[PDB]
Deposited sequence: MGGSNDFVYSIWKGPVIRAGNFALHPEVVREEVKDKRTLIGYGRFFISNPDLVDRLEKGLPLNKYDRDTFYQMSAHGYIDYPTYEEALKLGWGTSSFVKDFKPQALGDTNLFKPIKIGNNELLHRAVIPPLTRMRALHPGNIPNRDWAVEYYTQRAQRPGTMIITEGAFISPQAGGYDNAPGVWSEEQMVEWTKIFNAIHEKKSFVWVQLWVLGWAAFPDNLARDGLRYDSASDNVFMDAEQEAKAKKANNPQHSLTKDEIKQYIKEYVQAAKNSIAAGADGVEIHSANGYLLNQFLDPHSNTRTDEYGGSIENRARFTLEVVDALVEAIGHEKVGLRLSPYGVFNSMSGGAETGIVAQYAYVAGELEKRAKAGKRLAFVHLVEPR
């Protein structure tokens, strides 16, 4: 329990903050007074393709339908209306008791350069897993994905971060999330990136590795390991049961296996940039594999990759450095969730949690002062 504000005392570059901001313009108005703060809006970008217009002008917001967040359907994906469309449908309904503020007069609508991209405003689409990829193959949805991203790219100069995308088969384990390792995948991503660019917006691929959050039975079917930092602490009882039934026990990664993941991160980043992406974001949050190394609950290792703040941060920072070298610091961002407890991370109950994340922020600032500043740090807010 606590605040992410500590990061601003350490890292001096752009910071994207996400969590419960759409219904709190009064909070946003204060936050964007800081000249390097951007705001990610998740659930309300799902439900409002023209969210940026509505934020600028202080318009009512479309309610979101959580039941279709992960359903294999166009409904709840590409059929939420723009405000003028909604008025034609007689919707004038919208979110209840919400008092909108026109935020057009604030830094939210001031231009900012992120990486190589000239953003025209600071409302960012954060990564949103929608589970509409095709199985087998983890292929971006050929029916609706281009339309979905095109709708949400509609305001010129919008930064879009894609839903988490698996860097390899071993990195995955959900059948209906997309990957970025194969040619059939990249054929569809190219179409998505083209459409976003045709709308004068920008796109960054979130690179995803599941670790203990993967489904051990899916991995077992595909001849893959069930991976984490350690082999003596498990995500939850269901996952423990699944691993036992699939005869696929959680496996503590060897140093060579870590190296192989780094190789796959580099290849996935290269694939993304080749297909037209503006950059990549490393998912080191929400209790996935990198987070499993950062967190002392999940990381009980006694080698170079656990047992101290520096050791726990080593995998995340190795991935950062490998990507910076491969594609350039201006095309790399990093996502963190210091207070998260999702997927059995520790959050603020771990007294050393701020130190762990302060260390990572400090190492990023150190690299920046030496000439290699990441495009951004993206923080999950405990809101």
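No alpha-carbon coordinates exist for the deposited sequence positions 1, 94 to 95, given here in order along the chain.
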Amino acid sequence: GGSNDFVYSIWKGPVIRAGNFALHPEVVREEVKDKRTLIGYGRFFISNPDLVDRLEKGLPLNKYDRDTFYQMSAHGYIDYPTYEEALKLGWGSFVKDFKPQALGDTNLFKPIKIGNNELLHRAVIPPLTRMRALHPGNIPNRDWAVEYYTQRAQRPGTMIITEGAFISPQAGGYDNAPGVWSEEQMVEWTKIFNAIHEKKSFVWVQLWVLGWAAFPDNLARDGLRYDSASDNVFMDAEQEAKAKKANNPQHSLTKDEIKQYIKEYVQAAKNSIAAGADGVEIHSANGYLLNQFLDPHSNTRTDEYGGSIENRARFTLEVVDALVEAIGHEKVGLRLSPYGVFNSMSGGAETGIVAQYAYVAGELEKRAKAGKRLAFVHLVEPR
From here on, numbers count along this sequence of modelled residues.
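Between the stretches 241 to 249 and 209 to 217, it is 241 to 249 that shows the larger average CA temperature factor. Taking the mean C-alpha B-factor of each stretch as recorded, 130 to 138 and 81 to 89 are not equal, and the higher mean is that of 81 to 89. Between the residues 173, 100, 164, 111, it is 100 that shows the highest Cα B-factor in the PDB record.
Residue set 283, 155, 297, 263: peak C-alpha B-factor at 263 (per PDB entry). Split the chain's modelled residues into thirds by C-alpha temperature factor. Residue 279 is in the lowest one. Sort the modelled residues of the chain by CA B factor and residue 197 lands in the middle third. Annotation for residue 287: CA B-factor lies in the lowest third of the chain's modelled residues. In this PDB entry, residue 177 carries a Cα temperature factor that places it within the lowest third of its chain's modelled residues.
In the deposited entry, the Cα temperature factor of residue 204 places it in the lowest third of its chain's modelled residues.
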